[PDB]
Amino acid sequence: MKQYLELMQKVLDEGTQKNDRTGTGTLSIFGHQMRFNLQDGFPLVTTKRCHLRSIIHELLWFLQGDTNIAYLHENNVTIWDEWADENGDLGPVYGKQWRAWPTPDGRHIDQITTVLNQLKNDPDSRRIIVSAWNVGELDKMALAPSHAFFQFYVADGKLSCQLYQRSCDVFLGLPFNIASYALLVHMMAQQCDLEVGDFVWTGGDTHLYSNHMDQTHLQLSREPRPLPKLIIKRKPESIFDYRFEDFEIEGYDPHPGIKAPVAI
């Protein structure tokens, strides 16, 4: 996509070589924002083939409040394998904070049900937020939340969402993260009877890993194709009842996939 290839080029032209946690090394910039009008098409990268199966099942797993990778394995999705322990656990990452944030006094808060109630009863609220950055449980998480905090906004009957992503692997992570949150906005808009507005992505440390440079130059030579259209075939009873089969991505015709190593 235009916005995405502009960011890849910006990291190549402006990024600082930086060491990182994995020992791979990165070219890095800090602070970037891009906006996707979801009315223009579903923002799935076309200059390389993205594995939709992994994107959709990872979002359905988050909405279940699940942090064990068994569900992903049942559905042949292996993207979280390298961080899980012997029992397949990841600790209280995304799904657990979204669905069951533990309070100091022992209660659990379901942020997704809270957001539904706010969108249905107080759409003008400036407080419609979900946060996975639970400071008191960071030490139990396999990987600290990268897409950490997001906010919904309603104006003129359209639902928008902004994500703050503290750390962004531009070649591998970001195509998945954009499609995942664009999908959640479509689901939320359908459940609340709203039209989809904008998805606003904001990044903190936005980086290309040093061993993704050949793949980056290859993808940068490709022309973006027309964005596909997302079709949700059914309106489930709730946001927690969607099924993989309910989604149709129409007209997706990408350039070939480009493999790249994951930095662990």
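In this text, residue numbers run from 1 along the sequence as written.
> On average, are the C-alpha B-factors higher in 56-64 or in 222-230?
Replying inline: Per the PDB entry, the higher value belongs to 222-230.
>> Quick check: 29-37 versus 210-218, which has the larger average CA B-factor in the record?
In response: Taking the mean C-alpha B-factor of 210-218 and of 29-37, the larger value falls to 210-218.
> Out of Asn75, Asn117, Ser125, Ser167, which residue has the highest Cα temperature factor in the PDB record?
Replying inline: Reading the PDB entry, the winner on C-alpha B-factor is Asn75.
> Which one of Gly88, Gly95, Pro175, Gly136 shows the top CA temperature factor in the record?
Replying inline: Each of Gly88, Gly95, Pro175, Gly136 was compared by C-alpha B-factor; the highest is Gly88.
>> Using only modelled residues of the chain, where does the Cα B factor of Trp80 rank: lowest third, middle third or highest third?
In response: Within its chain, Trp80 is a middle-third residue by C-alpha B-factor, going by the deposited values.
>> Considering every modelled residue of the chain and its Cα B-factor in the PDB entry, is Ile109 in the lowest, middle or highest third?
In response: Middle third - that is where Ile109 ends up once the chain's C-alpha B-factors are sorted.
>> Which third, lowest, middle or highest, does the C-alpha temperature factor of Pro145 belong to within its own chain?
In response: Its C-alpha B-factor belongs to the lowest third of this chain's values.
> Which third of the chain does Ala179 land in by C-alpha B-factor: lowest, middle or highest?
Replying inline: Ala179: CA B-factor falls in the lowest third of its chain.
>> Using the temperature factors of the C-alpha atoms in this entry, rank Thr103 within its chain: lowest, middle or highest third.
In response: CA B-factor rank for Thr103: highest third.
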